[PDB]
Every structure is written in structure tokens, then in C-alpha cells.
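This report concerns only the one structure given below.
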Amino acid sequence: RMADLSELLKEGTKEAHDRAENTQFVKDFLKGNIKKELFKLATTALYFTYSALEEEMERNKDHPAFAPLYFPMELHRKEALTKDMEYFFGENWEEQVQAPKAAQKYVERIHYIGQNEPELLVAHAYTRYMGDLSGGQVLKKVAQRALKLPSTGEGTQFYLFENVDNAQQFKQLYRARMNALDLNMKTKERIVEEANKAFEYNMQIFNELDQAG
Amino acid sequence: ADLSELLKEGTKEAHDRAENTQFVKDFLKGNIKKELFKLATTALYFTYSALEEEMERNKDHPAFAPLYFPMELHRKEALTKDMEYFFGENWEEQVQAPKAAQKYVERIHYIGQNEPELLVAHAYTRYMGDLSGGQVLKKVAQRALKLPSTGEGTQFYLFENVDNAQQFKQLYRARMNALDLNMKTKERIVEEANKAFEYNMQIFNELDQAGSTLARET
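Same order as they appear, the protein sequences are chains A and B.
Numbers given in the numbering used here equal positions in the first sequence, counted from 1, plus 4.
Numbers given in the numbering used here equal positions in the second sequence, counted from 1, plus 33.
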């Protein structure tokens with residue numbers, strides 16, 4: 005069970021996960037130090053990176069190495085992020101925003117993988133959504149308190165999974181699916197490798213955000 | 034084109050911006066203040082600590098092995114002496130990495146652990162620079178801060194296991210140019226060297242902001 009993909013990921017991305025937890029921008033957010041404009045900018049980066057990831061997951065919804073992990077209803081953030089974008093910028097928010105450079109680098113990478121190495125898509129989807137599920141409720145409260153956002157959910161719908169009754173149960177089900185995938189040890193290692201890349205793309209988004217505010 | 038040539042050409046713009054920063058200008062001009070120099074040496078310590086840990090990790094990796102020169106180039110134990118000098122014996126307990134240096138440390142560890150073939154982008158920009166400008170910066174800092182002529186506080190700027198800096202750069206360039214690399218990975222190396230200079234600028238930016246807050250404090 006050392007060879008379970010979920011175990012290889014946990015062990016393989018330990019240093020990367022450690023760096024993201026302890027990175028200044030994450031900490032500043034957790035302490036309530038991130039102002040409205042920087043949050044709006046952070047949410048913009050979220051919009052473009054999730055759009056891309058979810059387009060490629062939709063492209064590969066029938067692919068043998070990804071199909072079981074296709075959860076548009078449960079997990080997809082694009083339409084929650086659109087409402088958050090609407091809330092902060094108004095109805096023509098699309099013409100008020102652009103993908104920041106570090107976000108557009110991740111977007112490129114995800115279109116590349118979804119179009120060329122779709123057995124590595126799970127590297128992106130696992131590290132992203134399972135993180136989102138784990139942390140949403142604490143992150144939501146942090147943002148609402150910092151920016152005095154309504155308790156009804158406007159501005160923070162990204163952090164709420166309105167079709168997952170129990171995050172812990174769903175994470176267990178997702179892993180069991182990820183572990184049942186017919187993948188050889190070489191492909192798993194390439195997945196762990198791409199999971200590390202996925203983490204670093206985020207570090208660079210945070211780096212660019214920290215340099216902004 | 035050789036990697037050294039792609040690097041020199043491809044990081045020219047970024048090289049020129051580094052040289053025309055307010056920190057570098059003032060340093061060279063002599064206008065450097067103890068606490069700001071201490072802050073710079075602190076940034077150097079954690080940076081080179083991270084870099085040399087990753088070079089060590091990849092000393093036998095075919096994409097880095099030939100560029101492994103612990104005896105000639107490694108700076109950590111020199112900087113440890115410089116840290117003891119400015120901060121006393123217990124320093125490690127009291128000094129954290131400055132924010133932008135810490136961000137650069139994070140990148141270095143990612144690279145050395147996951148994309149070691151790009152480590153040369155960091156090693157080459159750093160060490161070739163240090164080796165070229167050591168003899169000038171050493172005595173400018175010694176002169177400005179009134180440091181002892183025996184060498185304390187500037188160990189970082191002295192490469193005592195390099196007889197001829199010019200000849201060693203030649204050696205180092207030939208080895209780097211012999212590495213088995215695609216044009217595609219060469220471009221990724223140049224891109225990463227440019228990113229190192231952005232980190233470099235953030236570290237200088239931070240030191241500049243620290244200098245204003247201690248001149249508004251006087």
C-alpha cells in the first residue's frame with residue numbers, strides 16, 4: 005500500500021506542501037492581512053486557472069486514466085468563481101480583468117497536459133480540489149471577517165461546496181477512485197512529478213500576488 | 034549557441050537593471066550603513082545555504098555534476114563566519130530570512146528537488162558574478178564600514194581556493210557548455226536565470242525600503 009498513488013503523492017509532495025503552507029502570502033491571508041483589491045486580484049487568478057483545469061477535465065471526461073475522477077457537479081469552481089467575480093466587479097467584470105502572468109503560465113501548462121498528457125491531469129485535480137475541500141470553511145471565514153463580507157455567502161462561494169455533504173467522506177471516495185486507477189509505477193511517478201510542478205505553479209501565483217499588494 | 038552565450042545574451046537586460054539599483058549604486062559609491070550591510074549578509078546566508086544544499090543534493094546528477102565545486106565556490110561557511118561577526122555567537126536563534134530572500138530560497142529548493150537541470154541557472158548567475166566582483170566589493174565594504182584589514186565580516190567576498198578567477202570562469206564555462214541539453218531545456222535555463230534576477234530585484238527592493246525606514250528614523 006506504499007504503492008497506492010495517494011501514498012506516493014503524500015510522500016512525494018511533502019516538501020512542496022510544506023513550502024506552500026508556510027509561504028508568506030498564505031500566512032498573511034490566514035492572519036486577515038489581505039485587503040479587498042488584493043483579494044479581488046487573487047480571485048481573478050482563481051477564475052482563470054480553474055476555467056482552464058475544468059475545461060481540460062471536461063475534454064478528458066471519458067479518458068480511462070481520468071474518467072472516474074470527473075466530478076463537475078461536486079467539485080467544479082468556475083460558476084462559483086463567476087458569481088464571486090460578479091459580486092466584486094459587477095456584471096461586466098470580464099472586461100475589467102486579465103489573467104496575471106503567473107496564472108497564464110499555469111493555464112498554458114494545464115491545456116498542454118489535458119491535450120497531450122491527460123493521464124497527468126489527476127496530478128492537478130487531486131492537489132487542487134482535495135486542498136479546496138479540506139480548507140474551504142476556514143478560508144471562507146477568514147475572508148468574510150477580513151473584508152466584512154456578508155455571512156450569506158456573497159463573495160466567498162468558491163469556498164463552499166454546495167453539493168458535497170461531507171468533505172472528509174468525499175476525499176476518501178476520491179482517493180479510493182484514484183488508487184483503483186489502472187496505472188503502472190512509471191506513470192504514478194510521472195503523476196507525483198506533475199503534482200510537484202502543480203504546487204510550484206501556485207507558489208509563483210502567490211509570489212506574483214505578494215509582489216502586487 | 035553555447036549555454037554561456039545564450040545566458041549572457043538572454044539575461045543582458047536583467048543584468049543592467051541589477052547594476053543600476055539604488056542599493057548597488059550607494060554600495061559602490063561607499064554609502065553603505067552597517068545595519069543594511071548586516072541585512073544584506075543575512076539575505077546572502079540563507080540564499081547560499083539553500084543553493085549549496087541543492088548543489089550537494091545533485092552533485093552526482095548528470096545535468097549538474099560537472100558544475101559541482103564545493104572547495105572552490107561554496108560560500109556558506111564563509112557567510113557563517115560573517116554572521117557570527119555581525120550578530121554574535123547565538124545569531125541563528127534570532128535571525129530569520131528576510132521575506133524576499135525566503136521566497137528565493139523556496140524557488141531554489143523546488144528546483145534542486147524537482148528540476149535539477151535548471152539549477153545551473155541559479156549557480157551560474159550567482160557564482161560567476163561573485164567571482165568577478167569579489168576583489169572590488171570586499172575592500173569597498175571594508176573601507177566604508179571600517180572593517181578589519183585581516184578579513185572579518187567580508188569572508189563571503191574572498192575566494193581563497195581560487196588562484197585565478199579568470200581561468201576558473203573559463204573552466205566553469207566549458208563544463209557548462211558540455212552538458213547534454215536540448216535547445217528547449219536551454220531556453221528553460223535562460224528563462225529561469227531571468228527569474229533569478231527578478232528574485233534578485235525583490236531582495237534589492239526590500240533592502241532599499243529598509244534603508245529608507247532607517248534614514249527616516251534618523
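Positions of the beta carbon are idealized from the N, C-alpha and C atoms, including for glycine.
Close beta carbons around residue i, own chain, < 6 Å, minus the five adjacent residues each side
i: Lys-41 (chain B); result: none
i: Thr-48 (chain A); result: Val-101
i: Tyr-91 (chain A); result: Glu-158 and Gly-159
i: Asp-186 (chain A); result: none
i: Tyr-163 (chain A); result: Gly-140, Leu-143 and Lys-144
i: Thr-131 (chain A); result: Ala-199 and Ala-202
i: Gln-55 (chain B); result: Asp-241
i: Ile-144 (chain B); result: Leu-151 and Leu-152
i: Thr-246 (chain B); result: none
i: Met-77 (chain A); result: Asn-167
i: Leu-204 (chain B); result: none
Distance, residue j Cα to residue i Cα
i: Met-88 (chain B); j: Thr-251 (chain B); result: 42 Å
i: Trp-97 (chain A); j: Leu-45 (chain A); result: 12 Å
i: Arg-108 (chain B); j: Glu-123 (chain A); result: 42 Å
i: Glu-139 (chain B); j: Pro-68 (chain A); result: 36 Å
i: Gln-200 (chain B); j: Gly-167 (chain B); result: 15 Å
i: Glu-121 (chain A); j: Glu-224 (chain B); result: 23 Å
i: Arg-63 (chain A); j: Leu-79 (chain A); result: 16 Å
i: residue 224 (chain A); j: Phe-120 (chain B); result: Residue 224 (chain A) cannot be examined here, being either before or after the span of chain A that is shown, 5 to 217.
i: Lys-87 (chain A); j: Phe-43 (chain A); result: 15 Å
i: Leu-50 (chain A); j: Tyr-205 (chain A); result: 12 Å
i: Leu-39 (chain B); j: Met-161 (chain B); result: 15 Å
i: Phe-52 (chain A); j: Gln-108 (chain A); result: 8 Å
i: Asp-241 (chain B); j: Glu-68 (chain B); result: 12 Å
i: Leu-85 (chain A); j: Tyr-54 (chain A); result: 9 Å
i: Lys-132 (chain B); j: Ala-216 (chain A); result: 14 Å
i: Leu-164 (chain B); j: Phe-165 (chain A); result: 55 Å
i: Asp-196 (chain B); j: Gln-188 (chain B); result: 16 Å
i: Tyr-110 (chain A); j: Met-189 (chain A); result: 26 Å
i: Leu-61 (chain B); j: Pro-181 (chain B); result: 19 Å
i: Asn-211 (chain A); j: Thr-44 (chain B); result: 21 Å
i: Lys-202 (chain B); j: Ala-7 (chain A); result: 45 Å
i: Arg-179 (chain A); j: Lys-219 (chain B); result: 38 Å
i: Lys-92 (chain B); j: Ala-171 (chain A); result: 43 Å
i: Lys-152 (chain A); j: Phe-70 (chain A); result: 39 Å
Cutoff 7 Å; reference residue i; Cβ partners in own chain excluding five residues on either side
i: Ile-141 (chain B); result: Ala-83, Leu-84, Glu-87 and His-155
i: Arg-181 (chain A); result: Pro-72 and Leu-73
i: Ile-195 (chain A); result: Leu-9, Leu-124, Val-126 and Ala-127
i: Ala-24 (chain A); result: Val-30, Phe-203, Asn-206 and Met-207
i: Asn-183 (chain A); result: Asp-8, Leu-9 and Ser-10
Three-way DSSP call (helix, strand, coil) for residue i in this model
i: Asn-227 (chain B); result: helix
i: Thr-191 (chain A); result: helix
i: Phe-192 (chain B); result: coil
i: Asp-241 (chain B); result: helix
i: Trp-124 (chain B); result: helix
i: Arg-5 (chain A); result: coil
i: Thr-86 (chain A); result: helix
i: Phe-119 (chain B); result: helix
i: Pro-68 (chain A); result: coil
i: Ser-155 (chain A); result: coil
i: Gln-28 (chain A); result: helix
i: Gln-102 (chain A); result: coil
Cβ-based neighbour list, residue i, same chain, cut-off 8 Å, excluding 5 preceding and 5 following
i: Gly-63 (chain B); result: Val-173, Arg-176 and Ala-177
i: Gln-119 (chain A); result: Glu-60 and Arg-63
i: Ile-209 (chain A); result: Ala-49, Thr-53, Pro-104, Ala-106, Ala-107 and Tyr-110
i: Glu-110 (chain B); result: none
Enclosing alpha helix (DSSP H) for residue i [first to last residue]
i: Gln-108 (chain A); result: 105-120
i: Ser-55 (chain A); result: 40-63
i: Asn-64 (chain B); result: No alpha helix (DSSP H) contains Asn-64 (chain B), which DSSP labels as neither H nor E.
i: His-128 (chain A); result: 125-151
i: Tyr-178 (chain A); result: 171-184
i: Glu-250 (chain B); result: Element bounds for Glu-250 (chain B): n/a, residue is neither H nor E.
i: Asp-49 (chain B); result: 45-52
i: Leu-79 (chain A); result: 76-79
is_contact[residue i, chain D] using C-beta, thresh 8 Å
i: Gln-129 (chain B); result: Note that chain D does not occur in the displayed structure, where the protein chains are A and B.
Check each residue of the segment 18-30 of chain A: if its Cβ is closer than 8 Å to any Cβ of chain B, include it; give the result in chain order.
Going along the segment 18-30 of chain A in chain order, one finds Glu-19, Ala-20, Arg-23, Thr-27 and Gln-28 with a Cβ nearer than 8 Å to chain B.
Members of the segment 134-156 of chain B near chain A, C-beta cut-off 8 Å:
Result list: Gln-135, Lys-136, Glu-139, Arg-140, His-142, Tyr-143, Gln-146 and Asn-147.
For the segment 221-239 of chain B, list every residue whose C-beta sits within 8 Å of some C-beta in chain A, in sequence order.
Within the segment 221-239 of chain B, the qualifying residues are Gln-235.
Residues from the segment 167-196 of chain A in contact with chain B, defined by Cβ distance under 7 Å
Those would be none; no residue qualifies.
Against chain A, which members of the segment 89-113 of chain B pass a CB distance test of less than 9 Å?
For the segment 89-113 of chain B, which is checked against every Cβ of chain A, not one residue is closer than 9 Å.
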